[PDB]
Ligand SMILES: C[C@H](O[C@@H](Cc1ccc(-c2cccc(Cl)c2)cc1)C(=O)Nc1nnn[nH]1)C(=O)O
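What follows is a single chain, given as structure tokens, in the form solved without the ligand.
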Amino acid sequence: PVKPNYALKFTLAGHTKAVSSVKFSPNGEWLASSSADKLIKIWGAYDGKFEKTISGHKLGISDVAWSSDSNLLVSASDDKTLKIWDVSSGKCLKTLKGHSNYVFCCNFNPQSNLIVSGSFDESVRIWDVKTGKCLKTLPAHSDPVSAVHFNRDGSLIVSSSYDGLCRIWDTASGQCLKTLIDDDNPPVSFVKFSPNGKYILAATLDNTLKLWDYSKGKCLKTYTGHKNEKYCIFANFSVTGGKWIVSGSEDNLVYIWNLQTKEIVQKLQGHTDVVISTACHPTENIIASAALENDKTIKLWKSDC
């Protein structure tokens, strides 16, 4: 497989405002979406069929994340709070209060007993799932936080911000172990670990994605061609078939790169506004995508490799 062949299979309509994020469940059954319309929705991952709507937040939602057993959800909202949800019942189990401004990004750790979050108050907080109380507050940045992610065994946390920085945090201690500085520092709009945990993928608002060896502090790969200067766009590692890099773009397209050669191998067309979020299915060659206010739709593409 030197090139994939993703083609549209389903289009998922429902949200009455801009979509903010989409995520696949670990067991591979479901797709979850958050939106500016305060709502969370669940969809069939193979058939694109609507399942249910989960409500509660008093303002818009920017992000959502699955637990490892596909039974819980955490969400980050403009009401300065996070909420933990039981997917089956639709009940709100906990309401994480702490941040003093918009909560923008969230994630479970591999063990799924902890939750990390980033906020416009320029901080990162570590929460306990069962008690719902905050364990650590990290003075991470001097600008809004754009992304937070656990590594493979949950021992590390990576974060990014509009201040231009990427930082590695020890989960147990809460100490700052590393700070990534390039030749220049444009705002970092996204970051996350690699599946093997050796690398991080970082995006900056100068239309550029990069692969970093964080321990040795050097850039290994660079990916360009798309447009990204205003929005924090998600990016993924595609591992089920060919080894690609997936990301949205401000020109209403989904870009797919060959991880090694850094070549654009496929560009997906269909949306009518900025593509803000993408995700990759855990066992099948399926990609999900979502778009902003003028579009409001979610799309499911499938490939043979």
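Start at 1 and count along the sequence shown; that's the residue number.
One more form of this protein exists, namely the form solved in complex with the ligand; it is left out here, but the text below deals with it.
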- Query: Should the pocket be classed as open or blocked once the ligand, positioned as in the deposited bound form, is overlaid via C-alpha superposition of the site (3 or more ligand atoms within 2.4 Å of backbone or C-beta atoms defines blocked)?
  - Reply: blocked
- Task: Indicate whether the candidate residues 197, 237 and 243 are all in contact with the ligand in the deposited bound form, with contact defined as any heavy atom within 4.5 Å.
- Result: yes
- Do residue 253 and the ligand come within 4.5 Å of each other in the deposited bound form, heavy atoms counted? no
- With the partner left out of view, is residue 92 within 4.5 angstroms of the ligand in the deposited bound form by any non-hydrogen atom? no
- Message: How about residue 221 - does it come within 4.5 Å of the ligand in the deposited bound form, if we only consider non-hydrogen atoms?
- Response: yes
- Query: Should residue 55 be classed as touching the ligand in the deposited bound form when contacts are defined as heavy atoms within 4.5 Å?
  - Reply: no
- Have a look at 259, 279, 265, 268 for me and say which one sits with a heavy atom within 4.5 Å of the ligand in the deposited bound form. 259
- in the deposited bound form, segment of 108-116, 213-221, 123-131, 171-179 with a heavy atom within 4.5 Å of the ligand: 213-221
